[PDB]
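Asker: Structure: target05.cif, mmCIF, C-alpha atoms and all ligand atoms.
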```cif
data_data
loop_
_atom_site.label_atom_id
_atom_site.label_comp_id
_atom_site.auth_asym_id
_atom_site.auth_seq_id
_atom_site.Cartn_x
_atom_site.Cartn_y
_atom_site.Cartn_z
CA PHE A 1 4.64 -18.20 23.04
CA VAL A 2 1.48 -16.65 21.57
CA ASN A 3 2.24 -17.75 17.93
CA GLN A 4 -1.22 -19.06 17.08
CA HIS A 5 -2.88 -15.88 18.30
CA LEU A 6 -0.62 -13.72 16.08
CA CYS A 7 -1.10 -15.82 12.98
CA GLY A 8 -4.85 -15.81 13.62
CA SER A 9 -4.94 -12.01 13.39
CA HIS A 10 -3.27 -12.31 9.98
CA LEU A 11 -5.74 -15.04 8.84
CA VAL A 12 -8.79 -12.85 9.45
CA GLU A 13 -7.23 -10.22 7.24
CA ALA A 14 -6.53 -12.76 4.53
CA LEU A 15 -10.05 -14.21 4.92
CA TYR A 16 -11.37 -10.64 4.66
CA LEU A 17 -9.64 -10.10 1.36
CA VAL A 18 -10.37 -13.57 -0.08
CA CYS A 19 -14.07 -13.82 0.98
CA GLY A 20 -14.67 -10.17 0.09
CA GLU A 21 -16.72 -8.52 2.84
CA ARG A 22 -20.02 -10.03 1.95
CA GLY A 23 -18.46 -13.24 3.28
CA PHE B 1 -13.15 5.79 -1.83
CA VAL B 2 -12.59 2.44 -0.05
CA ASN B 3 -13.58 4.00 3.25
CA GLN B 4 -15.97 1.19 4.17
CA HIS B 5 -13.68 -1.54 2.89
CA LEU B 6 -10.66 -0.26 4.97
CA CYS B 7 -12.87 0.27 8.01
CA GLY B 8 -14.05 -3.31 7.72
CA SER B 9 -10.50 -4.62 7.64
CA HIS B 10 -10.04 -2.99 11.05
CA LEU B 11 -13.38 -4.32 12.29
CA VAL B 12 -12.47 -7.93 11.56
CA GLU B 13 -9.36 -7.36 13.59
CA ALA B 14 -11.18 -5.78 16.43
CA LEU B 15 -13.76 -8.62 16.36
CA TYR B 16 -10.97 -11.17 16.39
CA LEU B 17 -9.41 -9.59 19.49
CA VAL B 18 -12.77 -9.35 21.27
CA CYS B 19 -13.87 -12.76 19.83
CA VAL C 2 5.04 -19.48 9.37
CA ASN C 3 6.25 -16.73 11.79
CA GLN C 4 8.48 -15.70 8.85
CA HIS C 5 5.74 -15.17 6.24
CA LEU C 6 3.91 -13.23 8.91
CA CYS C 7 7.03 -11.23 9.71
CA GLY C 8 7.28 -10.24 6.01
CA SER C 9 3.85 -8.62 6.37
CA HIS C 10 5.31 -6.36 9.09
CA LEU C 11 8.38 -5.83 6.85
CA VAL C 12 6.37 -4.20 4.02
CA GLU C 13 4.57 -1.91 6.45
CA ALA C 14 7.93 -0.90 7.85
CA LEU C 15 9.21 -0.27 4.26
CA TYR C 16 6.13 1.68 3.19
CA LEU C 17 6.54 4.24 5.98
CA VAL C 18 10.36 4.39 5.99
CA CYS C 19 10.40 4.77 2.21
CA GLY C 20 7.34 6.91 1.36
CA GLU C 21 5.25 6.04 -1.72
CA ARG C 22 6.18 4.04 -4.83
CA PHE D 1 14.52 -9.82 18.39
CA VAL D 2 11.95 -10.56 15.75
CA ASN D 3 9.35 -12.59 17.61
CA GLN D 4 9.31 -10.15 20.45
CA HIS D 5 8.92 -7.17 18.04
CA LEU D 6 6.12 -8.94 16.13
CA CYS D 7 4.25 -9.64 19.33
CA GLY D 8 4.66 -6.08 20.54
CA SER D 9 3.26 -4.80 17.25
CA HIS D 10 0.07 -6.71 18.01
CA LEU D 11 0.02 -5.55 21.65
CA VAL D 12 -0.15 -1.85 20.70
CA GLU D 13 -3.09 -2.35 18.28
CA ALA D 14 -4.79 -4.34 21.02
CA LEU D 15 -4.10 -1.57 23.59
CA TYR D 16 -5.32 1.00 21.11
CA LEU D 17 -8.79 -0.66 20.98
CA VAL D 18 -9.06 -1.53 24.66
CA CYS D 19 -7.82 1.78 26.02
CA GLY D 20 -10.18 4.12 24.11
CA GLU D 21 -9.85 7.92 24.74
CA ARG D 22 -7.80 7.03 27.73
CA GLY D 23 -4.75 6.19 25.58
CA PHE D 24 -1.80 3.97 26.56
CA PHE D 25 1.34 5.87 25.75
CA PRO D 26 2.29 9.49 24.97
CA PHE E 1 -16.46 8.90 9.81
CA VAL E 2 -14.33 6.89 12.10
CA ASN E 3 -11.42 8.61 10.31
CA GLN E 4 -9.53 9.74 13.41
CA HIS E 5 -10.01 6.30 14.90
CA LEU E 6 -8.64 4.50 11.80
CA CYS E 7 -5.72 6.87 11.31
CA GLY E 8 -4.74 6.61 15.02
CA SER E 9 -4.59 2.84 14.57
CA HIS E 10 -1.86 3.16 11.92
CA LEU E 11 -0.35 5.91 13.98
CA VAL E 12 0.42 3.74 16.95
CA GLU E 13 1.96 1.18 14.73
CA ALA E 14 4.18 3.83 13.21
CA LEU E 15 5.14 4.95 16.73
CA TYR E 16 5.90 1.39 17.82
CA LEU E 17 8.38 1.10 14.95
CA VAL E 18 10.07 4.35 15.86
CA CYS E 19 10.25 3.84 19.61
CA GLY E 20 11.70 0.34 19.02
CA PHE F 1 -6.64 14.06 5.93
CA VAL F 2 -3.94 11.42 5.20
CA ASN F 3 -6.32 9.15 3.19
CA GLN F 4 -3.89 8.14 0.47
CA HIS F 5 -1.29 7.10 3.01
CA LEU F 6 -3.81 4.92 4.87
CA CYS F 7 -5.15 3.16 1.74
CA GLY F 8 -1.62 2.76 0.39
CA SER F 9 -0.89 1.02 3.68
CA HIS F 10 -3.66 -1.59 3.18
CA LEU F 11 -2.64 -2.07 -0.41
CA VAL F 12 0.97 -2.95 0.31
CA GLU F 13 -0.36 -5.51 2.79
CA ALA F 14 -2.89 -7.00 0.35
CA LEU F 15 -0.14 -7.08 -2.31
CA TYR F 16 2.13 -8.97 0.06
CA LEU F 17 -0.55 -11.55 0.70
CA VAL F 18 -1.11 -12.14 -3.00
CA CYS F 19 2.36 -11.46 -4.49
CA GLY F 20 4.75 -12.16 -1.65
CA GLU F 21 7.93 -10.32 -2.46
CA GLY G 1 -2.02 16.09 20.29
CA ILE G 2 -0.07 13.61 18.22
CA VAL G 3 -3.43 12.59 16.72
CA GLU G 4 -4.54 16.04 15.43
CA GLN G 5 -1.02 16.58 14.20
CA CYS G 6 -0.44 13.38 12.23
CA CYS G 7 -3.94 12.73 10.97
CA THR G 8 -3.98 16.10 9.17
CA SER G 9 -0.79 15.63 7.18
CA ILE G 10 1.54 12.61 7.15
CA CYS G 11 4.14 12.73 9.94
CA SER G 12 7.76 11.74 9.37
CA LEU G 13 9.14 9.04 11.63
CA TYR G 14 11.31 11.79 13.11
CA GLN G 15 8.34 13.92 14.07
CA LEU G 16 7.11 10.63 15.52
CA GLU G 17 10.28 10.05 17.57
CA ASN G 18 9.77 13.23 19.65
CA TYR G 19 6.67 11.64 21.29
CA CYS G 20 8.63 8.47 22.28
CA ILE H 2 15.03 -9.32 2.29
CA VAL H 3 12.30 -11.27 4.11
CA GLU H 4 14.94 -13.88 4.99
CA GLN H 5 17.43 -11.27 6.21
CA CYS H 6 15.08 -9.10 8.30
CA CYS H 7 13.09 -12.01 9.77
CA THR H 8 16.01 -14.20 10.90
CA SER H 9 17.75 -11.19 12.42
CA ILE H 10 15.81 -7.93 12.80
CA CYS H 11 16.72 -4.96 10.53
CA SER H 12 17.07 -1.41 11.84
CA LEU H 13 15.26 1.45 10.11
CA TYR H 14 18.61 2.49 8.71
CA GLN H 15 19.08 -0.90 6.91
CA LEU H 16 15.51 -0.78 5.55
CA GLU H 17 16.23 2.60 3.98
CA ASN H 18 18.65 0.92 1.59
CA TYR H 19 15.73 -1.07 0.16
CA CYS H 20 14.02 2.23 -0.66
CA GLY I 1 5.73 -6.35 32.15
CA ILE I 2 3.20 -6.52 29.34
CA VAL I 3 5.61 -8.39 27.01
CA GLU I 4 6.53 -11.10 29.53
CA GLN I 5 2.85 -11.51 30.53
CA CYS I 6 1.06 -11.13 27.15
CA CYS I 7 3.57 -12.72 24.74
CA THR I 8 4.19 -15.92 26.76
CA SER I 9 0.43 -16.55 26.95
CA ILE I 10 -2.73 -14.85 25.70
CA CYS I 11 -3.96 -11.82 27.65
CA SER I 12 -7.68 -11.17 28.20
CA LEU I 13 -9.22 -7.74 27.60
CA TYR I 14 -8.89 -7.03 31.35
CA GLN I 15 -5.20 -8.07 31.43
CA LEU I 16 -4.66 -5.67 28.60
CA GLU I 17 -6.60 -2.82 30.36
CA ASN I 18 -4.01 -2.89 33.19
CA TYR I 19 -1.54 -1.22 30.80
CA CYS I 20 -3.77 1.65 29.74
CA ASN I 21 -3.08 5.17 30.98
CA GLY J 1 -2.80 3.11 -11.67
CA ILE J 2 -2.91 0.96 -8.52
CA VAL J 3 -3.73 3.72 -5.99
CA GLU J 4 -6.38 5.31 -8.09
CA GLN J 5 -8.04 2.12 -9.25
CA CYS J 6 -7.93 0.49 -5.82
CA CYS J 7 -8.41 3.54 -3.55
CA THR J 8 -11.38 4.66 -5.73
CA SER J 9 -13.16 1.32 -5.38
CA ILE J 10 -12.51 -2.26 -4.19
CA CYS J 11 -9.93 -4.41 -5.97
CA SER J 12 -10.51 -8.13 -5.63
CA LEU J 13 -7.71 -10.63 -5.08
CA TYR J 14 -7.49 -11.51 -8.80
CA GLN J 15 -7.30 -7.86 -9.72
CA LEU J 16 -4.49 -7.08 -7.28
CA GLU J 17 -2.56 -10.03 -8.66
CA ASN J 18 -2.32 -8.27 -12.01
CA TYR J 19 0.04 -5.96 -10.11
CA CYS J 20 2.54 -8.74 -9.19
CA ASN J 21 6.00 -8.03 -10.73
CA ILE K 2 -22.60 -4.17 11.02
CA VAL K 3 -20.18 -2.17 8.95
CA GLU K 4 -23.00 0.35 8.53
CA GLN K 5 -22.89 1.24 12.22
CA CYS K 6 -19.26 0.80 13.28
CA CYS K 7 -18.03 2.77 10.24
CA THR K 8 -20.41 5.72 10.65
CA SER K 9 -19.45 5.80 14.32
CA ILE K 10 -17.02 4.36 16.87
CA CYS K 11 -18.11 0.97 18.32
CA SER K 12 -17.24 0.04 21.85
CA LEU K 13 -15.88 -3.34 22.98
CA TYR K 14 -19.35 -4.11 24.23
CA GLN K 15 -21.01 -3.30 20.89
CA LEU K 16 -18.37 -5.57 19.30
CA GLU K 17 -18.98 -8.43 21.78
CA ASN K 18 -22.63 -8.30 20.66
CA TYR K 19 -21.59 -8.99 17.09
CA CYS K 20 -20.35 -12.33 18.26
CA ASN K 21 -22.23 -15.56 18.98
CA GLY L 1 -9.46 -25.51 12.41
CA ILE L 2 -8.12 -22.90 10.06
CA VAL L 3 -5.56 -21.82 12.70
CA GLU L 4 -4.12 -25.37 13.24
CA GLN L 5 -3.56 -25.94 9.51
CA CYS L 6 -2.90 -22.42 8.19
CA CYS L 7 -0.54 -21.40 11.03
CA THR L 8 1.28 -24.74 10.82
CA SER L 9 2.37 -23.93 7.26
CA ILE L 10 1.23 -21.22 4.83
CA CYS L 11 -2.06 -22.04 3.17
CA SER L 12 -2.59 -21.11 -0.35
CA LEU L 13 -5.26 -18.57 -1.03
CA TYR L 14 -7.11 -21.44 -2.68
CA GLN L 15 -7.17 -23.38 0.58
CA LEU L 16 -8.43 -20.14 2.20
CA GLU L 17 -11.30 -19.70 -0.28
CA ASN L 18 -12.79 -22.96 0.90
CA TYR L 19 -13.60 -21.22 4.25
CA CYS L 20 -15.74 -18.50 2.63
CA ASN L 21 -19.52 -18.72 2.98
CL CL M 1 2.89 -11.53 13.60
CL CL M 2 -7.62 2.89 7.26
ZN ZN M 3 1.80 -9.91 12.86
ZN ZN M 4 -6.51 1.34 8.06
#
```
Could you take the file, read its structure, and then write that structure out as structure tokens?

Answerer:
Amino acid sequence: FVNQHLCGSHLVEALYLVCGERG
Amino acid sequence: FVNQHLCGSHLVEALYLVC
Amino acid sequence: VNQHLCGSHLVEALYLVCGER
Amino acid sequence: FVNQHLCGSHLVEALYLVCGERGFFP
Amino acid sequence: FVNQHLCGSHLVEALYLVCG
Amino acid sequence: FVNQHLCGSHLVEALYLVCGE
Amino acid sequence: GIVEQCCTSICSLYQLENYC
Amino acid sequence: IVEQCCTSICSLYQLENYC
Amino acid sequence: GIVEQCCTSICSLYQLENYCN
Amino acid sequence: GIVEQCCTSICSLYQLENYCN
Amino acid sequence: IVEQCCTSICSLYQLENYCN
Amino acid sequence: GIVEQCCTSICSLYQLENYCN
């Protein structure tokens, strides 16, 4: 099952918000 | 507005899917 | 966790079923 | 069930990007 | 200016919910 | 345009990531 | 077009169901 | 609520109670 | 079907294109 | 409030956490 | 670039180019 | 990478910060 792919899409969104767009 | 910020959240998602 | 992830979908479902508050 | 719904949710966003103007379901 | 394109992205997720 | 709705949608998500329930 | 319709004003999930 | 709707899926009707 | 094919393993951009209109 | 503050301009992670209840 | 995919719609190809 | 340890179990947003440039 594609569980790591799904989670990965959530992680980019969390990285986006943590690292702040100049990051 | 957070126009650019929202747009970017979509971008990262698009880039993930393509990369 | 597939569950923590699921919760993320859960709030989006609640936002649009509920409206805004 | 949940895992199937979650996956499908990601499929449609993926189709949205890949399918452009074309679309993917009316 | 990609307003239509961003909206539509939420749109299809709203539709997915509704059409089960 | 439905701008408030769309931003509200990203907010609830970012709140879930930081606050959980 | 669903698009034109629901990116102008917010659509209810019932409006949304018609297009299913 | 996360527990309940992520073990077993909730219908839109159930979710409306958490409104 | 797209579910059986794209949820059991990861679909490329071309696999996904097959389900466009 | 939250919409105004955060749909006007970017709210960091620490700022959105002040909204956790 | 945000500057260019938020003032107009980027294609998959334009997005592939923002990877390496 | 990030996927193997943050999909495994839920990383804290502190763990996540360590991946920022
Ligand atoms: Cl997911
Ligand atoms: Cl948006
Ligand atoms: Zn998900
Ligand atoms: Zn958006």

Asker: Write out as a PyMOL selection string each polymer residue (protein, DNA or RNA) that has an atom no more than 6 Å from ligand ZN 3 (chain M), with all atoms listed in the file counted.

Answerer: (chain A and resi 6) or (chain C and resi 6) or (chain D and resi 6)

Asker: Quick one: superpose chain J onto chain I using all C-alpha atoms paired in order, least squares, and give it to me as a PDB file with C-alpha atoms, in the coordinates of the input.

Answerer:
```pdb
ATOM      1  CA  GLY J   1       5.992  -6.686  32.106  1.00  0.00           C
ATOM      2  CA  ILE J   2       3.556  -6.413  29.182  1.00  0.00           C
ATOM      3  CA  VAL J   3       5.650  -8.237  26.540  1.00  0.00           C
ATOM      4  CA  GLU J   4       6.632 -11.053  28.791  1.00  0.00           C
ATOM      5  CA  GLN J   5       3.253 -11.573  30.399  1.00  0.00           C
ATOM      6  CA  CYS J   6       1.343 -11.271  27.129  1.00  0.00           C
ATOM      7  CA  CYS J   7       3.841 -12.836  24.680  1.00  0.00           C
ATOM      8  CA  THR J   8       4.293 -15.809  27.086  1.00  0.00           C
ATOM      9  CA  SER J   9       0.563 -16.526  27.226  1.00  0.00           C
ATOM     10  CA  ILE J  10      -2.786 -14.934  26.275  1.00  0.00           C
ATOM     11  CA  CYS J  11      -3.876 -11.686  27.920  1.00  0.00           C
ATOM     12  CA  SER J  12      -7.617 -11.148  27.964  1.00  0.00           C
ATOM     13  CA  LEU J  13      -9.243  -7.784  27.307  1.00  0.00           C
ATOM     14  CA  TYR J  14      -9.589  -6.993  31.038  1.00  0.00           C
ATOM     15  CA  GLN J  15      -5.960  -7.831  31.619  1.00  0.00           C
ATOM     16  CA  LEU J  16      -4.684  -5.604  28.814  1.00  0.00           C
ATOM     17  CA  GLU J  17      -6.768  -2.767  30.206  1.00  0.00           C
ATOM     18  CA  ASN J  18      -4.642  -2.782  33.346  1.00  0.00           C
ATOM     19  CA  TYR J  19      -1.980  -1.396  30.998  1.00  0.00           C
ATOM     20  CA  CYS J  20      -4.002   1.736  30.034  1.00  0.00           C
ATOM     21  CA  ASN J  21      -2.146   4.941  31.099  1.00  0.00           C
TER      22      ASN J  21
END
```

Asker: For ligand CL 2 (chain M), return the neighbouring residues as a ChimeraX atom specification (distance at most 8 Å; only C-alpha atoms and all ligand atoms).

Answerer: /B:3,6-7,10 /E:3,6-7,9-10 /F:3,6-7,9-10

Asker: Residues within 10 Å of ligand CL 1 (chain M) should be enumerated using all atoms listed in the file and returned as a PyMOL selection string.

Answerer: (chain A and resi 2-10) or (chain C and resi 2-10) or (chain D and resi 2-10)

Asker: Go ahead and compute the interatomic distance for atom CA of residue A:23 and atom CA of residue C:13, in Å to one decimal.

Answerer: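 For atom CA of residue A:23 relative to atom CA of residue C:13, the distance reads 25.9 Å.
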
Asker: So how far away is atom CA of residue D:18 from atom CA of residue B:5, in Å?

Answerer: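 Atom CA of residue B:5 sits 22.3 Å away from atom CA of residue D:18.
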
Asker: One decimal, in Å: what's the spacing between atom CA of residue L:11 and atom CA of residue B:9?

Answerer: 19.9 Å

Asker: With a distance cut-off of 9 Å and only C-alpha atoms, select the neighbouring residues of residue A:14, excluding the residue or stretch itself and same-chain residues fewer than 6 positions from it, and output the selection as a PyMOL selection string.

Answerer: (chain F and resi 14+17) or (chain L and resi 13+16)

Asker: Could the residues of chain J that have an atom at most 7 Å from chain F be listed as a Markdown table, each with its closest atom pair and the distance in Å to one decimal, counting all atoms listed in the file and ordered by chain and ascending residue number?

Answerer:
```
| residue | atom | partner | partner_atom | distance |
| --- | --- | --- | --- | --- |
| J:3 | CA | F:8 | CA | 6.8 |
| J:7 | CA | F:7 | CA | 6.2 |
| J:16 | CA | F:15 | CA | 6.6 |
| J:17 | CA | F:18 | CA | 6.2 |
| J:20 | CA | F:19 | CA | 5.4 |
```

Asker: Any idea what's packed within 10 Å of residue G:4, counting all atoms listed in the file, ignoring anything in its chain fewer than 2 positions away? Could you give it as a list in words?

Answerer: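 Everything that qualifies: residues 4 and 8 of chain E; 1 of chain F; 1, 2, 6, 7, 8 and 9 of chain G.
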
Asker: Determine which residues of chain G sit within 12 Å of chain D, taking into account all atoms listed in the file, and present them as an MDAnalysis selection string.

Answerer: chainID G and resid 1:3 16:20

Asker: Quick check: residues of chain H within 12 Å of chain E, all atoms listed in the file, returned as an mmCIF file with C-alpha atoms, in the frame of the given file.

Answerer:
```cif
data_model
loop_
_atom_site.group_PDB
_atom_site.id
_atom_site.type_symbol
_atom_site.label_atom_id
_atom_site.label_comp_id
_atom_site.auth_asym_id
_atom_site.auth_seq_id
_atom_site.Cartn_x
_atom_site.Cartn_y
_atom_site.Cartn_z
ATOM 1 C CA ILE H 10 15.810 -7.930 12.800
ATOM 2 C CA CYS H 11 16.720 -4.960 10.530
ATOM 3 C CA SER H 12 17.070 -1.410 11.840
ATOM 4 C CA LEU H 13 15.260 1.450 10.110
ATOM 5 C CA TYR H 14 18.610 2.490 8.710
ATOM 6 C CA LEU H 16 15.510 -0.780 5.550
#
```

Asker: Quick one: residues within 10 Å of residue K:6, only C-alpha atoms counted, chain neighbours fewer than 4 positions away excluded, as a ChimeraX atom specification?

Answerer: /B:4,7-8,11 /E:1-2 /K:2,10-12,15-16

Asker: Which residues of chain A are close to chain F, meaning at most 12 Å apart when you count all atoms listed in the file, and how do they look as a PyMOL selection string?

Answerer: chain A and resi 10-11+13-18

Asker: Some atoms are missing, so please complete chain J with N, CA, C and O atoms and return it as a tab-separated table (two decimals), in the frame of the given file.

Answerer:
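Written out: result.tsv:
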```tsv
chain	number	residue	atom	x	y	z
J	1	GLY	N	-3.73	4.22	-12.05
J	1	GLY	CA	-2.80	3.11	-11.67
J	1	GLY	C	-3.36	2.30	-10.52
J	1	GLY	O	-4.58	2.11	-10.44
J	2	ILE	N	-2.48	1.81	-9.64
J	2	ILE	CA	-2.91	0.96	-8.52
J	2	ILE	C	-3.66	1.72	-7.42
J	2	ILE	O	-4.71	1.27	-6.96
J	3	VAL	N	-3.12	2.88	-7.03
J	3	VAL	CA	-3.73	3.72	-5.99
J	3	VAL	C	-5.11	4.20	-6.43
J	3	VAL	O	-6.11	3.90	-5.78
J	4	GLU	N	-5.15	4.90	-7.52
J	4	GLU	CA	-6.38	5.31	-8.09
J	4	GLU	C	-7.40	4.20	-8.25
J	4	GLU	O	-8.48	4.24	-7.70
J	5	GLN	N	-7.09	3.21	-9.02
J	5	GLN	CA	-8.04	2.12	-9.25
J	5	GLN	C	-8.55	1.53	-7.95
J	5	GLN	O	-9.75	1.40	-7.76
J	6	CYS	N	-7.62	1.23	-7.04
J	6	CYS	CA	-7.93	0.49	-5.82
J	6	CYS	C	-8.28	1.34	-4.59
J	6	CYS	O	-8.87	0.83	-3.63
J	7	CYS	N	-7.93	2.62	-4.59
J	7	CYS	CA	-8.41	3.54	-3.55
J	7	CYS	C	-9.70	4.29	-3.95
J	7	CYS	O	-10.33	4.92	-3.12
J	8	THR	N	-10.08	4.21	-5.23
J	8	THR	CA	-11.38	4.66	-5.73
J	8	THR	C	-12.46	3.66	-5.33
J	8	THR	O	-13.53	4.04	-4.85
J	9	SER	N	-12.16	2.37	-5.54
J	9	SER	CA	-13.16	1.32	-5.38
J	9	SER	C	-12.41	0.04	-5.01
J	9	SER	O	-11.18	0.00	-5.05
J	10	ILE	N	-13.14	-1.01	-4.64
J	10	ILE	CA	-12.51	-2.26	-4.19
J	10	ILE	C	-11.84	-3.08	-5.32
J	10	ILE	O	-12.38	-3.26	-6.41
J	11	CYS	N	-10.62	-3.53	-5.06
J	11	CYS	CA	-9.93	-4.41	-5.97
J	11	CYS	C	-9.95	-5.79	-5.35
J	11	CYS	O	-9.50	-5.97	-4.22
J	12	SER	N	-10.50	-6.75	-6.07
J	12	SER	CA	-10.51	-8.13	-5.63
J	12	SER	C	-9.08	-8.70	-5.57
J	12	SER	O	-8.10	-8.05	-5.95
J	13	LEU	N	-8.98	-9.93	-5.09
J	13	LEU	CA	-7.71	-10.63	-5.08
J	13	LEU	C	-7.12	-10.89	-6.48
J	13	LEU	O	-5.91	-10.81	-6.66
J	14	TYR	N	-7.98	-11.20	-7.46
J	14	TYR	CA	-7.49	-11.51	-8.80
J	14	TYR	C	-7.01	-10.25	-9.48
J	14	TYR	O	-6.04	-10.28	-10.25
J	15	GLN	N	-7.66	-9.14	-9.16
J	15	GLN	CA	-7.30	-7.86	-9.72
J	15	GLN	C	-5.98	-7.34	-9.16
J	15	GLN	O	-5.15	-6.86	-9.92
J	16	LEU	N	-5.74	-7.50	-7.88
J	16	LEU	CA	-4.49	-7.08	-7.28
J	16	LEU	C	-3.31	-7.93	-7.73
J	16	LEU	O	-2.21	-7.49	-7.77
J	17	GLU	N	-3.59	-9.15	-8.11
J	17	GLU	CA	-2.56	-10.03	-8.66
J	17	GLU	C	-2.02	-9.61	-10.02
J	17	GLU	O	-0.90	-9.96	-10.39
J	18	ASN	N	-2.82	-8.88	-10.79
J	18	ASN	CA	-2.32	-8.27	-12.01
J	18	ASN	C	-1.21	-7.26	-11.75
J	18	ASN	O	-0.50	-6.87	-12.67
J	19	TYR	N	-1.06	-6.85	-10.49
J	19	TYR	CA	0.04	-5.96	-10.11
J	19	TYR	C	1.31	-6.67	-9.62
J	19	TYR	O	2.25	-6.00	-9.24
J	20	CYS	N	1.34	-8.00	-9.64
J	20	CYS	CA	2.54	-8.74	-9.19
J	20	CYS	C	3.66	-8.71	-10.25
J	20	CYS	O	3.43	-9.04	-11.41
J	21	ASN	N	4.86	-8.33	-9.83
J	21	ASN	CA	6.00	-8.03	-10.73
J	21	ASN	C	7.15	-9.04	-10.72
J	21	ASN	O	7.51	-9.60	-11.76
```
